Each structure stands twice: as C-alpha cells, then as structure tokens.
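Asker: First the structure, then my questions, so here it is.
Residue numbers (PDB author numbering), protein chains in the order written: chain A, 5 to 180, 192 to 222; chain B, 5 to 180, 192 to 223.
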C-alpha cells in the first residue's frame, strides 16, 4: 500500500538494549537489512531522548517509539510532541484509555507529519485479565478514528486474521504471520546473536 | 499509618511543566508547603531523567514518577529499574495489563527499597470505554498482590469510597476527598498561579 510506510525487508528491529554503546553497535551492523528500528523507554530513559536523533543520523533509519502512551489526552499530547520533536517517526499508543486519549495523539501526529500506531492487544500472560477481552473493540475504535497503523498480538495467528478482518486490508499491521502482518518485529533473536548481521540475514531469507 | 509514606500537608504537587527552568522555579517556591512532587514523561523526556535527582538534591523532596507503566513484565522491570536508579522514590503503574506486569514492578521496588503505586482508574472522558469497568477488579488485583499504594479517580467521591472499601483503611490512596484519600494532588491550581507559594498555602488552609 502506497500510503503506509515501507519497512525494508518487512523486518523491524526491536532495540531493547539499555546501554547506548551496545545499542548503537547492533543497529549499525544490521542497517543493510533493516531500515526501521523500534526503541522503548528502557533505552531512552537510560541514555536520553537524544539517542533517537543519533540512530537516525548514524543509520538513516526510521524510528518507532514504543512508549505505549497511556495517559489522559492533554498529557498524551505532550508526550507525543516531545517524542516527535526528538525525531521519532512514529509512536505506539495504548487503546485501553479510550478514544479521546488516542485522538490526542492523532492530533499531534497530523500537526507534525508523523505516525501513530495503535496497540490492540498484548501477548504476555496477564494480558488475559483485561486486554484480550478489549482487543477487538480497541481495534474497531482505531478504525473509527481513521488509525492506519496497528500493533497486533505476538502470538496466535488466528488473532492476526481477526485483527486484519477488523482493520481491513489497507491498514499497516506489525506483529512481534506475514500472511496478515505487513512486517514482523525481531528483538533478542538479533541483538543477542553473536553475529546480529548474520541473524538478520537469516530471518530475511526465511521471509 | 506508620508503614506508608508521610506526605507533607497531604498535598502533592503535580509538576507537569515541560521546561526545566519553570519547573524548578515553582517547586522550590512551594518546598515549604509540599515535600512530595509528582513528575511525568513530558518533563523527563524534554529535560532528561537527571532532573529527578536535581529535584531531590535541590529541594529534598520525594519524587513520584507518573510514568503509567504499561508494558510486558520484562520491559516493566527495566523501566522501573531505570527510574529508581535515577532516584525516583515511587512509580505509578497501570493495572490494565494484568498481574504479572504489576508484579514485575513490585519485584524491582522490593529489590531497591522503593514504592509502586497502582493506578486503579482514570477520570478523563474516554476512561468510560474500558477503564471504568475494570477499576474495581484492578483494585482487587492490587490487594491480592500486596500493593500498598494506589492512585484513584480524580472525580466522583463515591468512587473513592468504593476504592477505600476494596483496599482497606491501611493502604495509601492519592487522588487529584480527604475523608477517603490520604493525599490530594494539585497541578495547574499551583504551577499556573501568580505566586505558587501562596496558591499552595491556600489549598493547605482549606485542608483544615
């Protein structure tokens, strides 16, 4: 789809290491394979938001800020603005806090020419308590708000088909499979590999 | 209660300004009245996590990191560790992601001698869609995790009574009322006031 992002090789690196030296070393080594890197709070709180601009300038990669934004609208707006000002191309936001909290993010994204990804579901054990039961309604809420980018369940293929049914064939879907998701996310498989470059190469082959 | 934190004058400052100069100026001016400051991502993402230690070293205040932690357990652990390493006394974490995600935070807080606050509910309009219906069960989940500190609804006093019922009379409850909550949180009423010091003084007088 022309109107959603192109992720090189359909493979996103989840750069979840917390020290800047290690994080930079891995990302540069895989830049030939991956052009899209997802960073979260462990790295940015440890090293500073300046690390976002550093990844973009050193590797020319797209950055998705996996900040799971989950506050009231006014605070969500400020979080998004700070994150986009730091150079993030996109931000991941929770749907559980409701439509006006998501819309606040959409507003800033439109102002600044950036992207919002709605997190529809999570796959860790405790996700059963509240998140799983809300997932379809959260996805529908996204569709109704014109959300174009979604983060889906890590496990359960049949969950991806259901999400794809709700969001349509045009929207962009990433999952931590490629029959339904546009790109997959790899973390440890790569950054804990002795040869991250080789690891990335291998995943790409099977893709 | 001896085992939960003492908040000076039962009044917490929500320091939601995003520039370090303005934030420091307001907090220092009210340190006589307030010893507990709540900081969120707008400030720390804009100015750096080092600002937490700066607040503590300049004002000797307790810092609560309102980070609404809402990730998987392993990531929650790392967020809490980074935040406590930066000097936060406490961190606010969402309950919606479930019990293991909360326990991960409790584990690090136990290791490091810090505190976890469970956010049981929110009061902004969209909170009706999913949060309001989960609030009592989230509170019960907290109690069944030995959670001692809770952040409750900003609005609706009768919600505070329900929460207090679930969590018991011993647990620590803060709210943005004092018949149920141990402390209240003031933000704009103070940091946007002509003189914050006077604003704080005023609210305090209303508190007996």
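Every residue, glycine too, gets a C-beta built ideally from N, C-alpha and C.
Beta strand (DSSP E) containing residue 119 of chain B: first to last residue?
Answerer: Run containing residue 119 of chain B: 119-123, per the beta strand (DSSP E) assignment.
Asker: Distance cutoff 8 Å, beta carbons only. Does residue 206 of chain A sit that close to anything in chain B?
Answerer: Cβ-Cβ to chain B under 8 Å: no for residue 206 of chain A.
Asker: DSSP three-state label for residue 140 of chain B, please.
Answerer: Reduced to three states, the DSSP call for residue 140 of chain B is helix.
Asker: Along the chain, where does the alpha helix (DSSP H) containing residue 116 of chain B start, and where does it finish?
Answerer: Unbroken alpha helix (DSSP H) run through residue 116 of chain B: 103-116.
Asker: Return the bridge partner residues of residue 15 of chain A from the DSSP annotation.
Answerer: The partner list for residue 15 of chain A (beta bridge, DSSP) reads A/199.
Asker: Are there three or more Cβ pairs, one per stretch, closer than 8 Å when the region 16-32 of chain B is compared with the region 196-213 of chain B?
Answerer: Yes, the region 16-32 of chain B touches the region 196-213 of chain B.
Asker: Alpha carbon to alpha carbon, what distance is there between residue 127 of chain B and residue 179 of chain B?
Answerer: So the alpha carbons of these two residues sit roughly 11 Å apart.
Asker: May I ask which residues mark the beginning and end of the beta strand (DSSP E) holding residue 179 of chain A?
Answerer: Taken as a continuous stretch (DSSP letters only), the beta strand (DSSP E) holding residue 179 of chain A covers 176-179.
Asker: Which first and last residues belong to the alpha helix (DSSP H) in which residue 79 of chain B is found?
Answerer: Counting along the chain, the alpha helix (DSSP H) containing residue 79 of chain B begins and ends at 77-89.
Asker: Could you check what DSSP says for residue 38 of chain A in three-state terms: helix, strand or coil?
Answerer: Reduced to three states, the DSSP call for residue 38 of chain A is coil.
Asker: Quick one: does residue 101 of chain B have its CB under 8 Å from some CB of chain A?
Answerer: Taking Cβ atoms only, chain A reaches closer than 8 Å to residue 101 of chain B, which makes this a yes.
Asker: Among all the DSSP beta bridges, which residues are the ones paired with residue 68 of chain B?
Answerer: BP columns for residue 68 of chain B point to B/42, B/94.
Asker: I'd like the span of the beta strand (DSSP E) that includes residue 6 of chain A, first residue to last.
Answerer: Neither: residue 6 of chain A is in no beta strand (DSSP E) and is coded neither H nor E.
Asker: Can you find a C-beta in chain B that's less than 8 Å from the C-beta of residue 104 of chain A?
Answerer: By this cut-off, residue 104 of chain A is an interface position.
Asker: Where does residue 155 of chain A sit, in a helix, a strand or coil, going by DSSP?
Answerer: Of the three classes helix, strand and coil, the one that applies to residue 155 of chain A here is strand, per DSSP.
Asker: Taking 8 Å as the CB-CB cut-off, is residue 135 of chain B touching chain A?
Answerer: Yes, because at least one Cβ of chain A sits closer than 8 Å to the Cβ of residue 135 of chain B.
Asker: So residue 75 of chain B contacts chain A; which residues on that side make the cut at Cβ distance below 7 Å?
Answerer: The answer, in chain order, is 72.
Asker: Quick check on residue 130 of chain B - is its C-beta less than 8 Å from some C-beta in chain A?
Answerer: Yes, residue 130 of chain B lies at the interface with chain A (some Cβ there is under 8 Å from its Cβ).
Asker: Kindly confirm or deny that the region 100-111 of chain A and the region 49-69 of chain A touch, where touching means at least three C-beta pairs closer than 8 Å.
Answerer: The region 100-111 of chain A, when compared against the region 49-69 of chain A, does not touch it at the 8 Å Cβ threshold.
Asker: Given this structure, state the Cα-to-Cα distance separating residue 96 of chain B from residue 119 of chain B, to the nearest angstrom.
Answerer: Cα to Cα, residue 96 of chain B sits roughly 9 Å from residue 119 of chain B.
Asker: Give a yes or no on whether the minimum CB-CB distance between residue 44 of chain A and chain B is below 8 Å.
Answerer: By this cut-off, residue 44 of chain A is an interface position.
Asker: Assuming residue 50 of chain B and residue 23 of chain B form a contact by the criterion Cβ under 8 Å, report the distance between their Cβ atoms to the nearest whole angstrom.
Answerer: Right, the Cβ-Cβ distance comes to about 7 Å (below 8 Å), so this counts as a contact.
Asker: How would you list, in chain order, the residues of chain A whose beta-carbon sits under 9 Å from the beta-carbon of residue 22 of chain B?
Answerer: Within 9 Å Cβ-Cβ: 82, 85, 86.
Asker: Using 8 Å for Cβ pairs, my map puts residue 46 of chain B next to residue 92 of chain A. What's the rounded Cβ distance?
Answerer: The pair is not a contact, with the Cβ atoms about 15 Å apart (cut-off 8 Å).
Asker: Quick one: what's got a C-beta closer than 6 Å to residue 151 of chain A's C-beta in the same chain, skipping five residues either side?
Answerer: Cβ within range, chain order: 122.
Asker: Report all residues from its chain with a CB closer than 6 Å to the CB of residue 5 of chain B; omit the five preceding and five following residues, and keep chain order.
Answerer: Closer than 6 Å at the Cβ level, and outside the excluded window around residue 5 of chain B, lie 174.
Asker: With respect to the alpha helix (DSSP H) encompassing residue 31 of chain A, which residues constitute its N-terminal and C-terminal limits?
Answerer: Segment 24-33, the alpha helix (DSSP H) holding residue 31 of chain A.
Asker: Can you name the residues that DSSP bridges to residue 73 of chain B?
Answerer: Partner(s): B/97.
Asker: If we define contact as Cβ-Cβ less than 8 Å, is residue 53 of chain A a contact residue for chain B?
Answerer: Residue 53 of chain A counts as touching chain B.
Asker: Nearest to residue 153 of chain B by CA position, among B/221, B/215, B/170, B/159, is which residue?
Answerer: Looking at the Cα atoms, B/170 is the closest of the given residues.
Asker: Going by beta carbon distance, what residues of the same chain come within less than 8 Å of residue 208 of chain A, once the five residues before and after it are set aside?
Answerer: Closer than 8 Å at Cβ, skipping near neighbours: 214.
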